[PDB]
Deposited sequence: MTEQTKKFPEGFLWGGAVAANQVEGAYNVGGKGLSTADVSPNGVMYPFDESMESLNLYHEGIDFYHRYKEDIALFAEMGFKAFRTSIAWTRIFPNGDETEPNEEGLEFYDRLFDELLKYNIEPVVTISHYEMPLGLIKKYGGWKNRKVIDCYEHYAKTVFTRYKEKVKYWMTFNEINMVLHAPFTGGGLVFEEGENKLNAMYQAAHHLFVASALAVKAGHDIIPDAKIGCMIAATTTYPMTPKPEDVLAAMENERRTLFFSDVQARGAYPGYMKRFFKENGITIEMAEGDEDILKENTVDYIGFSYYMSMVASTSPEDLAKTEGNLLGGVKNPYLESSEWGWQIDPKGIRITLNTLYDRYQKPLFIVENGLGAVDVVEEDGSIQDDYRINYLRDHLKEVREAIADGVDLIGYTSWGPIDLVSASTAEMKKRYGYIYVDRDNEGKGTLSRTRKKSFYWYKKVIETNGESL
């Protein structure tokens, strides 16, 4: 049995703009949902600007990108995933002409990656929609936001047609059902049906993402535009059929989104979920054909852990087989890693064997799924450089191969230090997985 990955396997790492860039008020950039969520997406927003918001400065990737990308190339990154800040291109979100200072920055960022022959993997919207679209239109429950996103998608497609070939429309559309403010820009007014508004926004997100696939293929002929779901691999606690159906239903909570994005239609099991609840979804004629004629090219997904219904490296092999068996389309692991507390030794090093073990075991199981015949484009671990966490807007939960001197209260020199996992991953990419 081979120990090497497929040739051309896209090794690398993944971040999001609002989690590393900083410079939140530079170059005319508008306020995003992250800019008013100083305690993470999992906690209520706050527009007072009275508390410390680590997203405002991040790790200053906006100013330190040349050194950080040089560190990604030192590990031999074949690909690098990040997001284009929607607010940098459209501060309020509904402008007719884009912001030239925002587009020029991503010219410099994408040029820097291509200096080291690193493939950019660009998420178009990643938990950072303009706050102006929330106050003006009410978020993704308004059909006008589709036009703003399509305009935004078309703008970045034409601007980077020669530089970016791998795109993802939305990062985890399902987030609209768990954090409606970040997922779809929603707040529930008096008497407003909550489930209706969320699934109404999910439909607009579905249609807007399909329009971006159509626009992306038209503007960039060789582009591969993919979806992004957070894998919810769930095992039944007991062999009782009620728990087997429970695990199946929890897995369907995410497969519904990849069903619409990859297969092109609302699956049948959603007709009764909408009926047995009070959920009615206003739908325009021709939306069904837009969803079906512009399915995504690949299925990007994240994986961190298994779940039960009543740390797991083998579960990522189950997830890869389950997704590929259902859709028969190329997959892409776009987020995976271990968040943990780092300790800087007296000599300045970081001995993160705990993070090496997680990544090594999960990649050994990824190689097994490839041996099972799964079509996998690449693997970008989450936050190759320490970033501000999405859930709580913190630094203590570190994912990186590179340590950033910044703590939860914003203190620190912001210097970068190679962890022990930095050199371990450098050898993994060098041997194409043979050193695992």
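Engineer: Counting from 1 along the deposited sequence, which stretches lack C-alpha positions?
Structural biologist: Since the structure holds only modelled residues, the stretches it omits are 1 to 3, 314 to 343.
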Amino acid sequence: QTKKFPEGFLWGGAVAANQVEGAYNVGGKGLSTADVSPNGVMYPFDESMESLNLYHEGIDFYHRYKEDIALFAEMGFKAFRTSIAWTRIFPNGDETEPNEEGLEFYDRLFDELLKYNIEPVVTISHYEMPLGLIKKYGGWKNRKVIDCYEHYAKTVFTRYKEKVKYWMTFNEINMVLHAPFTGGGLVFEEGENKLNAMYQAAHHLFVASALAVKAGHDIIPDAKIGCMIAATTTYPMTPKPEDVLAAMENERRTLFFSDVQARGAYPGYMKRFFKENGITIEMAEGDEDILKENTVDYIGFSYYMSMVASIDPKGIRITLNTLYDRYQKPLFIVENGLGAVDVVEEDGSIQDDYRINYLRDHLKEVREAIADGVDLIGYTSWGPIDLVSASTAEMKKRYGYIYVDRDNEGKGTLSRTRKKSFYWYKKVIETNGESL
From here on, numbers count along this sequence of modelled residues.
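Engineer: Between 103 to 111 and 236 to 244, which has the higher average C-alpha B-factor in the PDB entry?
Structural biologist: For C-alpha atoms only, the mean B-factor is higher in 236 to 244.
Engineer: Comparing 283 to 291 with 317 to 325, where is the mean C-alpha B-factor higher?
Structural biologist: Here the higher of the two C-alpha B-factor means belongs to 283 to 291.
Engineer: I'd like to know which of 128, 297, 259, 249 has the highest C-alpha temperature factor in the PDB entry.
Structural biologist: Largest recorded C-alpha B-factor: 249.
Engineer: Per the entry, which of 87, 171, 96, 83 tops the list for Cα B factor?
Structural biologist: If I rank 87, 171, 96, 83 by C-alpha B-factor, first place goes to 96.
Engineer: Just say lowest, middle or highest third for the CA B-factor of residue 226 relative to the other modelled residues in its chain.
Structural biologist: Middle third, going by the recorded CA B-factors of the chain.
Engineer: Relative to the other modelled residues in the chain, which third contains the C-alpha temperature factor of residue 377: lowest, middle or highest?
Structural biologist: For residue 377, whose C-alpha B-factor we compare with every modelled residue in the chain, the answer is the lowest third.
Engineer: With respect to C-alpha B-factor, does residue 267 fall in the lowest, middle or highest third of the chain as deposited?
Structural biologist: Answer is middle: the recorded C-alpha B-factor places it there.
Engineer: For residue 36, does the deposited CA B-factor place it in the lowest, middle or highest third of the chain?
Structural biologist: As the PDB entry reports it, the C-alpha B-factor of residue 36 lands in the lowest third of its chain.
Engineer: Which third of the chain does residue 53 land in by C-alpha B-factor: lowest, middle or highest?
Structural biologist: Ranked within chain, residue 53 CA B lands in the lowest tercile.
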